[PDB]
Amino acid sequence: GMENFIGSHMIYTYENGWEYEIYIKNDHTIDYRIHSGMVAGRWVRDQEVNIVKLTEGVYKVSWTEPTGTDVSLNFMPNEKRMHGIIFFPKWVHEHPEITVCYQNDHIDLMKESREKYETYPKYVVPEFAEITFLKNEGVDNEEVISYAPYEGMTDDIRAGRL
């Protein structure tokens, strides 16, 4: 149920092996942390989101970012699968490393960049991923995502050694 979904700390893994981590911190907030790929190293705390239950076993988590990126994710916890679509401004695709930071401390840079560089055409990425780690960390657990990704961290998260 929704009570079970809120608090979920997940890693999901794309076909190419990229690992993305999310924590459903409360009914309107996520933290997230990206371990691989185009924006590996990016992490975000206290992102306001819309979270709804679409039907039994299906949740939707959606938000807009200070960079302009729009995201709509669906999670299907019982099937250990998610789907996401990300609508990136062109500039995020062309200058991804600008976005690779603890975004919360670089909002002004995100805003400068979204005005400086081109938005269109957008780079739109819809893709499924497998949910390859799940633990409920409770609500408003501020320790779950509290520093940048480091080498081997996803192994450490799955091992429960942190």
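Numbering starts at 1 and runs along the sequence shown.
Asker: Using only modelled residues of the chain, where does the Cα B factor of residue 70 rank: lowest third, middle third or highest third?
Answerer: Residue 70: CA B-factor falls in the lowest third of its chain.
Asker: Sorting the chain's modelled residues by C-alpha B-factor, tell me whether residue 98 ends up in the lowest, middle or highest third.
Answerer: It falls in the middle third of the chain.
Asker: Comparing residue 64 with the other modelled residues of its chain, is its CA B-factor in the lowest, middle or highest third?
Answerer: Residue 64: CA B-factor falls in the lowest third of its chain.
Asker: Mind checking which third residue 15 falls in for C-alpha B-factor across the chain?
Answerer: CA B-factor rank for residue 15: highest third.
Asker: Please place residue 140 in the lowest, middle or highest third of its chain by C-alpha B factor as given in the entry.
Answerer: Middle third by C-alpha B-factor.
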